[PDB]
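To keep things clear, I will list the structure first and then write my remarks on it.
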Amino acid sequence: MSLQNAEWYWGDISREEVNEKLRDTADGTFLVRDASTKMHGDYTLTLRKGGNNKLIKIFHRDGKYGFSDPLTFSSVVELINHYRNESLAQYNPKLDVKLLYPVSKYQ
Amino acid sequence: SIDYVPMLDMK
Numbered sequence: 005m006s007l008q009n010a011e012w013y014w015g016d017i018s019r020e021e022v023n024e025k026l027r028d029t030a031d032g033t034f035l036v037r038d039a040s041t042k043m044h045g046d047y048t049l050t051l052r053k054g055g056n057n058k059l060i061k062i063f064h065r066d067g068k069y070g071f072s073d074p075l076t077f078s079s080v081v082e083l084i085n086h087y088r089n090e091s092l093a094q095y096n097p098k099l100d101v102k103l104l105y106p107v108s109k110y111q
Numbered sequence: 201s202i203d204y205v206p207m208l209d210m211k
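In the order they appear, the protein sequences are chains A and C.
Taking the authors' numbering, the leading residue of the first sequence gets 5, the next gets one more, and so forth.
Taking the authors' numbering, the leading residue of the second sequence gets 201, the next gets one more, and so forth.
Here's what the structure looks like:
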């Protein structure tokens, strides 16, 4: 399971725990947790940008993953890996960042 | 944003 071994995936932690980790960190710092929803296989990307934590929803429909219509990524790691090298600006002009610094559960 | 960041569709 590529996702469970991903250093930046923290599974079932709270909004409050994530806020502790993201506190005072540089823009581009990010982790992924499970969505507060009941297991739609849904995850939440939290991203540091402009001094606050952006909550970005990772949708899971058919067998695909993504931030909006259409869902085209075959895994959440594939998705996150993509936006490590490409800004999220095309989804929302306020989000002119990449996923730069992973919050690592090994580190 | 209000809670979750609005992300635009590409379709």
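Cβ atoms here follow ideal geometry from the backbone N, Cα and C, with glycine treated the same way.
Rounded to the nearest angstrom, what separates residue i and residue j at their Cα positions?
i: residue 90/A; j: residue 100/A; result: 9 Å
i: residue 97/A; j: residue 207/C; result: 10 Å
i: residue 8/A; j: residue 43/A; result: 15 Å
i: residue 40/A; j: residue 23/A; result: 15 Å
i: residue 46/A; j: residue 77/A; result: 14 Å
i: residue 111/A; j: residue 12/A; result: 10 Å
DSSP on residue i, reduced to helix/strand/coil?
i: residue 83/A; result: helix
i: residue 25/A; result: helix
i: residue 7/A; result: helix
So if DSSP puts residue i in a beta bridge, which residue, or which two residues, is it bridged to?
i: residue 15/A; result: 37/A
i: residue 70/A; result: 63/A
Stretch pair the region 76-85 of chain A + the region 50-60 of chain A: three plus CB contacts closer than 8 Å: no
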